[PDB]
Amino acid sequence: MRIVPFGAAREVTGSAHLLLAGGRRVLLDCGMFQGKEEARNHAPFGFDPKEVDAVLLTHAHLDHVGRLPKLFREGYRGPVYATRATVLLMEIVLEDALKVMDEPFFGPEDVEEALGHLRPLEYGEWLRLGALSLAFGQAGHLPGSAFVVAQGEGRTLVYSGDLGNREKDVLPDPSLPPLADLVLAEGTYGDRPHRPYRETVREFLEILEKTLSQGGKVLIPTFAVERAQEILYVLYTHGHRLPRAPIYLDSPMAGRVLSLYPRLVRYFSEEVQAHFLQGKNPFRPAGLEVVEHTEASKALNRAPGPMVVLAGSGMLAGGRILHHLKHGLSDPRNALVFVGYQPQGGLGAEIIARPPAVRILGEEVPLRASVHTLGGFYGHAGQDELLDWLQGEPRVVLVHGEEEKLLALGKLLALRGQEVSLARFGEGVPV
């Protein structure tokens, strides 16, 4: 039994790991590379897509699902398991990646073909392939997200997939993994623990009252798949103490996702499920308004506050948000609220550095709006959470994360008596 990293090696995008065992070849995730590595989606997988006996998806994020169509484009015609939630989310995530994609490395024929082989596999349901036994575990990172438990040949392997931030309220807490011979885990935040959720939420409310009371705009750059709706849930459970103001979710995609959440009630925490039982949708706070097209979206730049605006991309890589920031960052009555990690050297960090001005869409725009970073809203299991999850596991291979973040986690692991290494592209590891 060997597990061969084929992506997310000393990096965060690309997640895809080939499991060789029981005389079968099971592919764990098949995501695309993003940002600078984006051009590697045109290169070959590094293995023979036609020799895979089945593939498993831990969640719908494009970076674990993005290359699936390519896998089908190049031959594969086997099954692709995922939780029903991932199965449905996946459709929205792929269609959008197709549409909004300059250098397409796959086409509509592939998406269709790819979605055609999806089969539901829910938490605690064992798949059988040869002498192999596989099962999903509650990962708590996205609705219907899981870590993989692969067993066979008397050995046990665990692929963490992405582990969510247990402090947040929307998804359920990650399940501990079973005792295993090898754990292939992520380490997106292996260097530090997360800022407490409760205190971030409180600070968030303060920012909203001060800004909206003064007639200002709260600009919140966010991702469309889970962060957006999570902010809405917080606006729903606290909107009772917040000044009345429209909440514009300026993301069609975030819309499509939100529309789908009621079809996924079971995929959320007890808290969230209790709200749905009362017959209420806790993801639609009073005043919510999904904006569909440009014309209305641009209107928001000229309209006065108070208002709360959610728009992508979550890392300012582009998207409707740049247009809001452009016209709003100059007014001191506004507030910018980051609810996701802003990588180094990005327009995000640049603004957080509080310079006198910033360059957005071809112009130098004074930065007078207030800036705030609500780290307690960050996505992955932070370092402390990583340590607890990994606890008691003999060997650990680290993937998904910047080299330095991975090492930091390694150090602690090493010092804990745990055998650790940093996955290398193509180099398989024995279980």
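Note that residue numbering begins at 1 and tracks the sequence as displayed.
For the segment pair 177-185 and 122-130, the entry gives 122-130 the higher mean B-factor, averaged over Cα atoms.
Of the two stretches examined, 265-273 and 307-315, the record assigns the greater average C-alpha temperature factor to 307-315. The residue among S259, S145, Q151, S297 whose C-alpha carries the highest B-factor in the deposited model is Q151. Note on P252, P282, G328, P243: the highest value goes to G328, judged by CA B factor as recorded. Among the modelled residues of its chain, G410 has a C-alpha B-factor that falls in the lowest third according to the deposited record. Per the PDB record, residue ranking by Cα B-factor puts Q278 in the highest third of the chain. Compared with the other modelled residues of the chain, the Cα B-factor recorded for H117 ranks in the highest third. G161: CA B factor in the lowest third of modelled residues in this chain (values from the PDB entry). In the deposited entry, the Cα temperature factor of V26 sits in the middle third of values across the chain's modelled residues.
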